[PDB]
Amino acid sequence: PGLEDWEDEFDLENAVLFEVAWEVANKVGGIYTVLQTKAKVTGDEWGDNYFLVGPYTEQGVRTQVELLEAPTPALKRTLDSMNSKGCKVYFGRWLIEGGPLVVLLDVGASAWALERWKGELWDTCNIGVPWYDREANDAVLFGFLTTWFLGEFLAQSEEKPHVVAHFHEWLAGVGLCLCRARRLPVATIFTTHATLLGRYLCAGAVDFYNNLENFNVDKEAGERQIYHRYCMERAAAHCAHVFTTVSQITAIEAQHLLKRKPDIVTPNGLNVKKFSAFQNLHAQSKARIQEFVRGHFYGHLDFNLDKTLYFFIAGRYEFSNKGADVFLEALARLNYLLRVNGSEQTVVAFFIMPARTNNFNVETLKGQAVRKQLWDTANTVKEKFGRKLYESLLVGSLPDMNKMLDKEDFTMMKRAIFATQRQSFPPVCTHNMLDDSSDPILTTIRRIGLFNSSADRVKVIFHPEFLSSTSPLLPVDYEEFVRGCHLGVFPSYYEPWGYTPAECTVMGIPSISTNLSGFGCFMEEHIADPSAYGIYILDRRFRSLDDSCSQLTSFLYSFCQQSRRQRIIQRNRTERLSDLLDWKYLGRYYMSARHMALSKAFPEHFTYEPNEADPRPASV
Amino acid sequence: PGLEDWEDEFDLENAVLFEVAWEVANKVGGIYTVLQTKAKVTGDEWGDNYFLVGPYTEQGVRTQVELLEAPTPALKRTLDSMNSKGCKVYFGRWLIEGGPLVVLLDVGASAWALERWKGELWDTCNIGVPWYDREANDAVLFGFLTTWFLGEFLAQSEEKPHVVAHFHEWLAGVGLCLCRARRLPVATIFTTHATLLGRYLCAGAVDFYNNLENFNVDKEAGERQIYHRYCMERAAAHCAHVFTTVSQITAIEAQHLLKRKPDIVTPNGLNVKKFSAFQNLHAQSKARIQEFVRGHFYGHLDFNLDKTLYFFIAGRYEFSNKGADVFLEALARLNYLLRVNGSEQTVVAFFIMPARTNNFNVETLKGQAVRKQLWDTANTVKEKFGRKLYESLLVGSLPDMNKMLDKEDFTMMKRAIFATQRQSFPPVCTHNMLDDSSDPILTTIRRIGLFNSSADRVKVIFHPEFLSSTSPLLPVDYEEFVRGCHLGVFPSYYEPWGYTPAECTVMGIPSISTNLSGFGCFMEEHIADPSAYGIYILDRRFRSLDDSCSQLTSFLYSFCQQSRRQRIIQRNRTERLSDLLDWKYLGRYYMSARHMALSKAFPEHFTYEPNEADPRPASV
Amino acid sequence: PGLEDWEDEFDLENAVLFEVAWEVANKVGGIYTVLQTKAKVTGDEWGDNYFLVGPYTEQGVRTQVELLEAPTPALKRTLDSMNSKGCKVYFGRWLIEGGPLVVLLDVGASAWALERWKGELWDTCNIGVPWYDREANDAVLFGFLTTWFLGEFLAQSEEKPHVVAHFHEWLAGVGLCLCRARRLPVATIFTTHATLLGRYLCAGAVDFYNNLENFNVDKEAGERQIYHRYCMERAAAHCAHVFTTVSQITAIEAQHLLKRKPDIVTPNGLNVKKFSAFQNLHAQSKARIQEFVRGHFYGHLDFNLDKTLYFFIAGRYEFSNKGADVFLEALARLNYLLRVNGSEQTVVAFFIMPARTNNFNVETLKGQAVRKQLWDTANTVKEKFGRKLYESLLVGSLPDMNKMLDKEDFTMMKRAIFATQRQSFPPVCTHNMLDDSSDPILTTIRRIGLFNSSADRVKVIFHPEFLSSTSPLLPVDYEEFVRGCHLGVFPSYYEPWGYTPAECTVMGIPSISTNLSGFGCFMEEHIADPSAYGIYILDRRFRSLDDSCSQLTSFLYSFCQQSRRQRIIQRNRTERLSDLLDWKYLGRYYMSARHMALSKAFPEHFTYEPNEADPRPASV
Ligand SMILES: O=P(O)(O)OC[C@@H]1O[C@@H](O)[C@H](O)[C@H](O)[C@H]1O
Ligand SMILES: O=P(O)(O)OC[C@@H]1O[C@@H](O)[C@H](O)[C@H](O)[C@H]1O
Ligand SMILES: O=P(O)(O)OC[C@@H]1O[C@@H](O)[C@H](O)[C@H](O)[C@H]1O
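Chains as they are written, first to last, in PDB author numbering: chain D, 13 to 289, 293 to 629, 637 to 642; chain A, 13 to 289, 293 to 629, 637 to 642; chain B, 13 to 289, 293 to 629, 637 to 642.
If you want it as structure tokens, here you go:
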């Protein structure tokens with residue numbers, strides 16, 4: 013389909029690009045995966061002219077960085093001068109899929125120059141940094157060393173090439189500000205993945221999404237003592253040849269907060285080849304989740320397991336940001352509706368959110384051991400029955416069915432039966448809370464009244480611990496378990512881009528998101544009639560909370576009323592949707608951003624035609 | 013234990029050895045495996061001075077010979093002269109385990125010189141060859157080219173090394189005779205694996221083993237028109253520095269026929285590493304043979320399969336040489352004895368001997384299909400029963416055993432039951448004979464009256480076709496099937512060395528042989544109280560036929576009366592016996608023969624001390 | 013969806029139905045499976061009032077019939093009188109999925125009455141039967157005993173119920189003619205699956221489908237001496253309360269040949285549950304077919320196997336009826352087109368048609384053995400390499416890649432390499448023809464020039480033998496092999512209904528049929544835009560041969576030009592199409608036919624409203 017070499021035929025000649033980011037070869041956040049995935053295609057387009065600028069960490073260099081010698085004499089002399097001037101910079105490869113060249117800068121080896129660098133920064137842009145941040149000083153040092161390295165590289169080259177600088181986050185924006193300050197012949201691109209004040213204002217302040225035009229950012233930066241971070245972020249955003257954002261919602265957020273409309277939007281992608289390794296895997300995962308729910312619900316298995324649906328929500332433990340309260344309230348409403356209608360369907364909800372636990376509870380382990388004992392007894396009895404039937408059937412005689420069970424088989428069956436006796440109800444959580452009184456999820460469940468009762472048609476399972484293949488009760492990784500679920504509900508409120516819903520959708524599981532996330536807006540914009548492809552968008556921007564909850568309840572009820580053939584068709588449609596989120600297509604927006612940057616920086620040599628051409639209308 | 017480098021520390025210096033044999037890189041007989049196994053250790057001792065002399069075949073060079081360039085200039089010039097004088101000789105490697113150097117001589121490229129070579133051979137030793145043999149002419153040509161190559165190699169070498177020639181069979185004895193005729197400074201070793209007149213005299217003539225001293229070999233060579241072959245064989249045997257045989261029985265045969273006592277006996281060995289890849296394999300093979308006998312004996316399975324013993328005899332279709340008649344008569348006697356004693360044991364006899372068949376019979380395929388259908392029906396019913404039991408047992412209720420079978424399960428069971436109806440008796444052979452009237456095995460079975468009747472305690476299975484893993488009814492190779500059998504009975508009359516009993520014993524299966532084979536004599540001489548190690552020797556030399564049969568019957572009855580613990584102990588003892596038949600130990604006799612040859616050829620440089628030192639007394 | 017109990021709510025009361033057919037409990041033709049599949053649902057609707065009338069065979073009663081006692085006294089007395097009057101009739105169950113009640117009539121026990129029955133038949137309808145048919149006499153006897161049994165059952169019942177007779181083929185039409193002759197109060201349904209003269213006229217006569225209105229059936233029945241069979245068939249068709257056919261093409265055939273328009277069309281169905289046991296199975300089958308083609312094409316594997324397509328045609332060996340010549344000519348044309356366009360795609364054609372063979376050819380077995388040896392060598396080397404890499408990697412050292420291969424590994428690789436040497440071309444057929452000179456398929460292949468050459472882009476594989484799981488080279492059943500193929504092409508000319516294309520389509524494999532078959536017309540009528548669902552209809556009725564061939568070539572070329580995503584979507588669409596051909600829906604037409612029959616026979620008690628209501639418009 014649409015490859016990188018479609019329509020951007022451009023004279024690249026002697027051009028070098030720097031992918032400056034604070035997290036390269038240092039796993040801190042989530043856009044680490046974005047850089048790791050984009051590196052392969054970007055380097056394939058760029059050949060050997062792709063560099064990454066980032067801080068040095070002993071752990072990172074020990075685990076995934078292989079030190080090497082730089083291939084050009086210019087890098088040799090620049091590194092020699094850089095080490096001989098009182099700093100410490102190393103060179104090597106990044107041990108990832110693409111294997112790009114990396115320069116690592118040790119911010120701890122330049123503490124002597126912070127006093128003069130702060131003064132120069134103030135004399136250049138009137139930016140001050142308090143002494144107690146311990147993070148902004150690191151950003152300032154990283155920017156100073158980055159701009160000094162760029163200046164030395166351009167100055168010491170016999171022939172000056174076209175250098176492109178690309179920064180990603182406000183810990184690196186000081187470098188962009190400084191390189192623009194010193195009038196270096198460089199093309200600067202600034203891309204933001206999350207507004208700094210967005211996270212601060214969403215928590216505490218109410219109706220942050222209904223008051224964008226009524227926010228005078230200066231004060232809100234003032235009272236939180238994050239004024240200087242916003243100052244450098246906004247300054248770096250302003251003095252950029254091309255300004256870029258990751259999603260539309262963040263685009264409006266930056267426009268109303270950073271006071272600059274982003275020129276191009278660049279969604280985050282991923283490599284679909286590794287995830288693709293498609294119904295056998297889902298069937299196996301569903302069967303083994305059936306095994307798990309049989310283990311947990313021993314002694315209360317009064318509902319058909321062929322008409323049960325599995326819902327799940329995952330991510331970091333943010334009750335409000337992920338909208339778990341909305342999901343819980345809508346689950347209660349759906350339980351009420353199903354109980355009224357007398358339906359045979361059952362909904363089992365999973366909640367994978369980290370919490371502060373110590374060990375498992377006795378009930379879950381007891382149930383799992385009981386299930387294992389029942390399975391073993393059934394296997395032993397069925398093996399004995401099969402052997403007896405085979406031997407009695409070779410002699411051409413009908414099996415006398417009343418004599419295939421003897422004393423010890425009855426003893427084992429009886430032991431199993433008394434093992435499956437229970438008077439209480441299955442627990443709603445599989446661990447022991449250390450803050451059970453202050454837990455919001457459990458408090459909400461208690462308020463809405465879901466205790467896995469016999470009459471309840473909706474079951475709630477809370478699994479705080481990270482999902483691992485070595486777990487005593489769920490020895491499975493995140494990917495395989497997600498593959499088997501029926502639907503993923505993410506009623507998020509504030510999220511610049513949804514990594515988890517993207518992973519769910521690329522997997523081929525129908526998902527529910529909001530118009531309030533980058534993924535939701537991307538899907539809504541790039542396809543028509545999204546409901547047919549297994550994606551349901553919750554309108555949260557132009558609606559109240561009760562409206563958002565009723566709509567989500569209606570979506571869930573509509574999903575629960577679908578027949579098996581309808582679910583199969585919807586699942587096939589969502590299967591044939593993974594290629595929209597791969598870097599093979601999403602990498603073109605970054606390339607267009609680069610072309611804009613070169614056109615702005617060197618209009619004499621480069622000229623760009625503003626082509627914004629780039637699709638899935640319908641299937642029924 | 014005993015390695016090659018134990019006690020033969022000898023100054024080898026510049027010595028070259030030629031392993032002349034007609035079959036090298038050309039699979040014809042059985043000692044091909046002997047050479048292939050001995051090559052690795054002999055070359056390891058000899059370094060790069062190990063050569064093989066043999067005829068050229070297009071198929072052999074295409075399948076397992078890689079042509080190469082000879083590593084020494086002497087070989088270069090000898091090959092160049094050899095090709096330039098009117099012959100055609102190539103050089104290369106043998107694609108086997110050891111990878112030894114091979115020289116291949118094309119006997120079809122020297123038909124021009126046969127007229128003069130026959131005259132020279134007659135003028136040298138008065139040996140004539142008739143024109144209609146088509147095999148002795150090839151031997152004469154091979155010997156002439158071999159001796160000419162040796163003479164050219166020794167003559168054209170700047171420094172003359174100590175050359176050792178080793179021949180193996182009368183197709184190569186002409187070379188030994190010629191090299192001794194031309195007084196070449198070579199050490200000649202002649203080893204025979206089978207006397208030529210032994211096979212001719214065993215068939216037809218009676219009591220060949222009771223009249224060795226009353227045989228005037230000249231006439232018996234005369235009437236059969238094999239006089240010249242015996243002449244060259246005996247002449248080559250006489251004019252050898254060291255005369256060697258493969259087994260003791262062949263030693264006496266050569267002494268009373270070739271009129272020369274062999275100096276050293278060299279038994280054939282094999283590499284035990286590949287065979288060793293030890294009760295799991297036997298259990299699996301026994302279970303699958305149980306599956307086969309269940310398939311064959313459908314509708315007549317009235318005997319316990321936990322008390323059944325499996326006997327087998329294999330090899331080429333020689334009724335008298337392998338003594339199958341003795342085995343059949345003794346099986347009839349044992350059936351009579353077991354029927355009298357009212358024992359619950361059952362003996363199933365296998366006969367793996369190639370015959371002239373066309374296809375399988377209908378009965379065996381029908382039985383196998385019936386068994387497969389029964390197995391499939393049992394598996395389906397047992398799966399359904401297990402699933403129903405599991406679901407009914409999760410709810411903590413005892414299985415109502417009278418409702419786990421429904422209409423279609425009863426239908427399938429009934430269909431199987433009417434499928435297992437048979438009025439006739441199982442066939443004694445699994446194929447269709449083209450000479451059923453003239454078959455000796457079937458005639459003997461009919462005479463002794465074993466038709467697999469219900470009252471019969473001994474079952475006979477005849478499997479003419481080669482045992483292959485792709486067979487429709489026995490998809491198994493020889494090794495795995497032999498691993499699972501209980502006992503291997505080989506009442507051989509004439510066999511210089513037993514490859515099949517050796518393979519059976521190295522495998523770890525108790526076996527019965529005779530004092531009339533090389534393997535039997537070897538085992539009897541090298542261990543004390545052989546009965547405890549799972550080997551039973553039948554005394555056939557000093558006894559009549561009726562005596563040999565009664566002794567074999569007694570041996571079989573004693574084996575059948577053993578308990579399970581006794582069988583386990585005997586099997587472990589026979590397991591710990593494989594290292595006696597490996598080239599790691601059996602290769603020392605060849606090395607001693609080489610030392611004798613060098614001592615005889617060049618007494619000035621070499622002197623040997625006649626050490627004949629080389637053990638398993640008992641275990642209960 | 014649409015079940016049997018949708019809209020036909022009707023007072024059935026005391027009604028009995030007889031499913032008269034000559035093949036019940038006697039496997040002869042193909043509609044045996046139709047009856048076996050329809051029995052379950054028909055008996056479920058009918059309770060215990062479903063009977064089958066058919067001849068007695070010892071083999072059938074021994075293998076799949078369980079004799080039982082009839083549950084009603086009326087059947088007791090009728091059977092007693094029937095046996096006491098000089099005939100021999102038994103009672104029992106049919107050992108099939110539904111388990112319906114069966115009455116079996118021995119036609120060989122009533123040879124005494126044929127003389128009077130022939131005279132009575134002639135005096136009733138002037139129908140004569142020649143003495144040398146040996147099949148029409150059996151039909152006459154079956155009809156006489158059937159009508160006598162029906163008359164005795166209705167006469168001897170204390171209260172007379174509403175009896176329904178259903179016949180299926182002209183071997184049973186005599187019964188319908190006789191019951192209509194004797195004015196029994198019975199509802200008669202006649203259904204034909206194939207016109208008798210259709211098969212006779214398609215062979216020999218030209219343009220049978222362009223001359224229906226110009227055929228005066230009397231003569232063509234006359235010259236072939238099949239006049240009396242057509243006479244009884246047409247007479248039975250005329251004197252039927254309801255006339256039924258299996259397909260539209262047969263409907264027009266009966267209208268223009270039997271001179272009676274069929275009231276209702278009843279397509280044949282099947283149970284989709286057993287076939288459904293869906294991409295994992297196809298992937299496994301495709302991989303193993305890749306294994307097979309690797310084995311067959313050793314030494315000529317110069318084409319990519321990831322861009323190869325597998326076509327297949329199967330059925331009985333009818334060159335003209337199945338249109339194999341058209342397929343071969345179009346394959347040649349497509350090979351020409353692909354060779355011109357320089358495409359990388361390759362087409363491998365399979366031909367599963369029984370022939371008169373004796374054994375396999377040497378080349379195929381040699382290739383399979385070579386492939387097995389290569390696979391074994393690769394596995395051994397890869398295991399050794401993995402073990403060495405693991406051990407050398409535990410010590411934290413990079414693998415010295417130049418030392419992981421030693422002498423014996425190189426020897427094995429070399430042996431494999433010389434094993435894969437071949438000078439000739441792969442054979443077009445895997446067996447040895449006994450009539451290679453007179454074989455039409457091979458003659459056509461030779462004429463069109465497809466010898467599996469290197470430059471050829473289309474490969475032809477002919478597999479005459481029945482496909483079995485025990486085959487030496489293709490140990491697979493029909494179902495699993497068909498599951499893995501890419502497309503099934505059936506350019507049939509004369510076929511009343513396509514069992515093989517129906518099995519292919521219900522499996523989920525895109526298929527090509529003609530408007531000239533029952534399946535093709537059914538699909539064309541019941542869906543709109545058939546090309547989107549993976550079915551391509553060849554217009555053969557209104558077109559010449561060259562037109563039919565060009566259209567098929569265009570269809571194949573269009574299929575070959577599809578991308579992988581297009582193929583996946585088409586395959587999912589054809590997956591979601593199996594429920595159209597199940598008896599859960601196709602069984603309603605038979606039920607409507609029954610209601611028509613009861614309305615015609617007893618208008619006083621029953622009245623039917625002519626509802627002909629019964637759908638898949640499109641997806642893209
Ligand atoms: O999760 P479900 O709604 O039960 O669907 C799971 C379905 O099970 C089986 O019918 C097949 O494996 C289908 O391929 C799969 O889609
Ligand atoms: O524990 P070890 O001394 O290594 O002995 C373990 C031996 O390994 C292999 O040789 C065989 O499986 C033996 O049956 C087993 O006894
Ligand atoms: O036969 P093909 O055109 O190669 O399609 C086979 C395809 O292979 C893999 O991509 C998947 O298993 C698909 O589910 C399957 O459809």
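The beta carbon of each residue, even a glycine, is placed where N, CA and C say it ideally should be.
The beta strand (DSSP E) with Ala199/D in it runs from where to where?
-> Residues 198 to 204.
Residues near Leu183/A by beta carbon distance below 6 Å, same chain, minus five either side | The answer, listed in chain order, is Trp34, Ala151.
Chain B contacts from the region 591 to 606 of chain D (Cβ-Cβ distance under 7 Å) | Listed by position along the chain: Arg591.
Counting Cβ pairs closer than 8 Å, one from the region 302 to 317 of chain A and one from the region 428 to 442 of chain A, do we hit at least three?
-> A contact exists between the region 302 to 317 of chain A and the region 428 to 442 of chain A.
Residue interval of the beta strand (DSSP E) (run including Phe103/A) = For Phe103/A, the enclosing beta strand (DSSP E) begins and ends at 101 to 106.
Measuring CA to CA, which of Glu57/D, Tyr44/D, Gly66/D, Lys97/D is closest to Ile108/D?
-> For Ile108/D, the nearest C-alpha among the options comes from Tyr44/D.
Residue nearest to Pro479/B in terms of C-alpha spacing, selected from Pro618/B, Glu333/B, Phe537/B, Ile463/B = For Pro479/B, the nearest C-alpha among the options comes from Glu333/B.
Would you say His297/D touches ligand 3, meaning its beta carbon is less than 7 Å from a heavy atom?
-> Because no heavy atom of ligand 3 lies under 7 Å away, the Cβ of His297/D does not count as near it: no.
Find the nearest neighbour of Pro506/B within the set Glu518/B, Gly535/B, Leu482/B, judged by alpha-carbon distance.
-> Considering only alpha carbons, the answer is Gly535/B.
Could you pull out every residue in the same chain whose Cβ sits closer than 8 Å to the Cβ of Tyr62/B, ignoring the five residues on either side in sequence?
-> Listed in chain order, the non-local C-beta contacts of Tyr62/B below 8 Å within the same chain comprise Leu29, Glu31, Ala51, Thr54, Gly55, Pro112, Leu113, local neighbours out to five positions each way being set aside.
Taking C-beta to C-beta, are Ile328/A and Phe307/A nearer than 8 Å?
-> When the beta-carbon positions are compared, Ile328/A and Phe307/A stay at least 8 Å from each other.
May I ask you to report which of helix, strand or coil DSSP gives residue 7/D?
-> Missing from the structure shown is residue 7/D; chain D here goes from 13 to 642 and no further.
Determine the direct distance from the alpha carbon of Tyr212/A to that of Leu560/A, and round the result to whole angstroms.
-> When rounded, the distance between both Cα atoms is 21 Å.
What does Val396/A touch in chain D if you count any residue whose Cβ is under 7 Å from its own?
-> Residues of chain D passing the Cβ test: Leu404.
Backbone secondary structure at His250/A - three-state DSSP = In the structure shown, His250/A sits in a helix (DSSP, three-state: H, G or I).
Alpha carbon to alpha carbon, what distance is there between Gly234/A and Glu359/A?
-> The straight-line gap from Cα to Cα measures roughly 57 Å.
Report the residue from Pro516/A, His610/A, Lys474/A whose alpha carbon sits nearest the alpha carbon of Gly503/A.
-> Answer by Cα proximity: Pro516/A.
Quick one: which chain D residues come within Cβ less than 7 Å of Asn417/A?
-> Within chain D, the residues near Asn417/A are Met416.
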